[PDB]
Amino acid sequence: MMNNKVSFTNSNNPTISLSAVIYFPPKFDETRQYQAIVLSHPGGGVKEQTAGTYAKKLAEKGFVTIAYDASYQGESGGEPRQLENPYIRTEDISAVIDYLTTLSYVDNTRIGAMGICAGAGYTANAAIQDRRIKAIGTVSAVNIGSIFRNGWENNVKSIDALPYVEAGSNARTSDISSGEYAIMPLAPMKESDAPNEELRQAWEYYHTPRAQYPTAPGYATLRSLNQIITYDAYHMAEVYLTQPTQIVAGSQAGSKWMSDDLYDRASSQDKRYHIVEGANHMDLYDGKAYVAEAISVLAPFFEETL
């Protein structure tokens, strides 16, 4: 067995089934009980993209891994489609973990989690509330709340983001009035909308053959915005984020301040930070050598912490 594609009931909301791929380690032996890693995808991303890449690479290193599509996203169930409820994205991880505990070849006591981009933020948040998570890893970490409220370069004061909470609120009014769901960009929806080359690379990832995938349109429901602005992925990290934490950020990443934020706020005794030289935010999604370096740091981390 190389991998398994499954759908399973989301224990948080049994009307929804999550779609996921489980990758098995080499010489997989079902009589054994393995360390396992849950992989959460970027904002607007799906299990076939970078998260799947990291899932597969990790499983090559002796773990059972799982890459799932978030509720309302990818091949997972749920309406409205492309909802970006950060609390739900966070709880999804706990649902995937429940699923894992149903598998005899997973050790419930050796389960970890990593995410990329927004998926990292959510992973952090998961680790805070779900004590079954033994260790976490992040790649190009995004605290979605921070990025939408204070800006890509953290130069917007939170109060000045008030018009965004208003827009998300008013969208709920339009949504019920029209019967449609107003949408908003995650990665830029048009190449020219990108304000810098990194964000242009994000557009490029989602809207060109670099990694475009039909279940990843690259927008979210606007109604989520008001919750996103008032969201903090690291909320209470100083108290509860105690699990071992491995951070991986590029040297040229314009998002690195969020990895810095996670690192500084984490209560963890064992918190680590690996800088990838020369890489920007998007570089870690799919640059062969970059992904290889990130794996070379993450796998021994999980091997020793799980």
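The first residue of the shown sequence is 1; numbering continues from there.
Annotation for 82-90 versus 132-140: the higher mean temperature factor (C-alpha) is found in 132-140. If you average the C-alpha B-factors over 58-66 and over 265-273, the higher value belongs to 265-273. Of the candidates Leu284, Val297, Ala20, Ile16, the PDB record gives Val297 the highest C-alpha temperature factor. Among all modelled residues in its chain, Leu162 ranks in the middle third by Cα B-factor. Sorting the modelled residues of the chain by their CA temperature factor places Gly218 in the lowest third. Per the PDB record, residue ranking by Cα B-factor puts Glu153 in the highest third of the chain. Annotation for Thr31: C-alpha temperature factor in the highest third relative to the rest of the modelled chain, per the entry.
Residue-level temperature factors show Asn196 in the highest third of its chain, judged at the C-alpha atom.
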